[PDB]
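Engineer: Shown below is the structure under consideration.
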RNA sequence: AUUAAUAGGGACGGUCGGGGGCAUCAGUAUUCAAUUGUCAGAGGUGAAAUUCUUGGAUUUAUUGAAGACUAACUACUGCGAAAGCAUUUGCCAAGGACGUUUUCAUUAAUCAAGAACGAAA
C-alpha cells in the first residue's frame, strides 16, 4: 500500500534503535508499519488495512524524517497530534563551498546558542539544526516566520533583521 | 599566379600561415574534377598554418564546408562541422553555416 | 468488494486546502470542494477544520455518483516552494475515512 | 659479469631509439643490472655520448620541450582552456631553465634561443 | 667523471579526485501553449489590502515548446594555481600522494619591474 521512505545518517540510527522499538510500539496504536532497515539505514512509513486514516502515515512520515534528521524521537512524537505540523527545510542549495556556508551557519545559530533559541522565543517553533537542514515544528502563523528566517539567513541576510521585526511584533502584541 | 602542383606548394615553405594560397589551391585542385587533392589541401593547411592565426583557421573549416556545400556529402559536411565545434566555437561556424545555407 | 474506486487528490498545502478527487483516469474529477468555501473569513482556507467540513461534501458527490472508495494522492506544495505538508491533511483525509469511504494504496504525489 | 657487455647491451639500446632512463628501466627489469652507476663504470648518457649515440637536445629538456608544444594543441583547440594555458606558461618555464643549464654547463651554445615556435621542430 | 641534497627536472607503472575544456546519456523541479471535468472564490496578510476571477480564477491528468539545477544519498568529503567544483560514460590535456641500485647533476629558493587566471555588479 502506501510507503514513504527517508534515508538517515549514522548519527541518528543508533539513537533510533533505542526508540524504533518504541516507534513500532507507537505506530501500532494507529496501525502503521514502521521498518527498521539497519542494512539500508532507512525507515519507511507504511499503511495497513487495520488503520483508520492514511493521513497519519504522512504525519508520521514527517515524524520519521524528524527521527532521521537527528531531532529527538520525543520531539518527533508530537507531530502525530493535530495542532503540530513540522517543516523539514532543506537548505543545501545556498552556497556550494563550505567556507561561506559555514559563515552563515553559526550566524543562524549565534554565540552559545542564544540566537538559535531567539527564534524559538520569537516564532514559537522547535528549531533543530542538524547537518544541512533547519527543521521547525509549530503553528503555521508562527512557522511562516520560520521559513522566512531559514531561507534568507543562508543568503547574505543576518538574523538581527529577523529578530528586530520579531521583537517589535511581540512587544505590540499585548497592546 | 600559382597554377601548378609545384607552384602553390613552394609558396607554403615561404608562407606557412597563409591559408589564402590553399584557398586558391583548392580552387586550382578541384577545378580539374579531382577534389580529393582539394580535400587534402584543406586538411594540409590545418597542420601547416600557425595555431595562433584564428582568422585562417576558422576560415579553413569554412572553406571545407563551403566546398562541401556544392561538392560534398551529407554526413561529410556534418563530421567536419562537429570537428570545428570542438576545435572552435559552435554557433559562429553555424552563423557562418546559416549564411552558407 | 467490487472495487468502486477512483483517485483522490487532496492539496494539503501551507496556504489552503483544495480537494479534487479524480476518476480512475486523471481527467473528469467528480468532486471539487474547496476549503475556503466552507469558511468565509479568507483566513481559514488552510485550516483543517474547514477542510474537515469540506470533506463531507467530497464524500457526498462520489457517493451520489457511485465512487465508494478513493485512493489518496496527497499534495503538499513541492518543487520551488516550501515543499512540506500543511495543516489541511490530517482532518480532510480522515473525514473521508470517517465517512466509510475505503482508502487503499494511498500516496503523497506532490512535487 | 664481463662488465663491458652491459655497455654493449647499452650500445644497442642507445641505438634502439630510447632515452637513458629507458635503458636503465629495461636493463633493471630483464637483465638483473642495478644502474649505470654499477661496476661497469660509465654513465648512461655519457656512454651514449662516448660512442656517438647521444641526442641533439637534453633528455631532461627534450621531453619537456615536447610536452610544452603538445599541451598547446589542446589550447589551440580551446583558447578558453584557462588551466592548459596556465600549464603552458608553467611548462615553458620548465624547458627554459633546462636550456639555461646547458648554456652555462656547456652542453648547448648561448645562442640557441629556445622558443615554443620552433619547439615543434625540436620535438620531431 | 669526488658523491647522485630521503633538493629539483625528466621517465615508467599501479592508483585516485564534485579539477577544468568538449561530448554523452539520465534525473526530478519550473514556465508557456493545445485541451476536457468542474467552480465563488484563488493568491496574499497578524487582521487586511493588492493581484486573476460562469473572460473557468482554481484543482487534477495528458501532449508540445523553452530556460535553469544535480535535494534526500551528502559529509568538516576530495579536487582545482586561486576563483571555483556534484547523474552515467568518454575524448583531449592538466594534477595530490606513490615506488625504481630508472635518467640528469644544481638545472635549485623569494620576486621588483612586468604579464596570465579570476568571486559580486
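Numbers in chain D track Swiss-Prot; the residues on display, in order, are 28-151.
Quick check of the header: electron microscopy, 3.8 Å.
Backbone N, Cα and C atoms are what each Cβ position is placed from, and that goes for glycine too.
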Engineer: What residue among D:39, D:70, D:76, D:94 has an entry for ubiquitin cross-link in Swiss-Prot?
Structural biologist: D:39
Engineer: Looking at Swiss-Prot, which of D:43, D:100, D:140 is flagged as ubiquitin cross-link?
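Structural biologist: According to Swiss-Prot, the ubiquitin cross-link annotation belongs to D:43.
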Engineer: What is the Cβ neighbour count of residue D:39 (ubiquitin cross-link) at a 10 Å cut-off, with all protein chains included?
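Structural biologist: Looking across every protein chain shown, the total is 10.
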Engineer: Quick one: Cα separation, residue D:43 (ubiquitin cross-link) versus residue D:32 (phosphoserine), in Å?
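Structural biologist: That separation, Cα to Cα, works out to 16 Å.
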Engineer: Helix, strand or coil by DSSP: which one applies to residue D:32 (phosphoserine)?
Structural biologist: helix
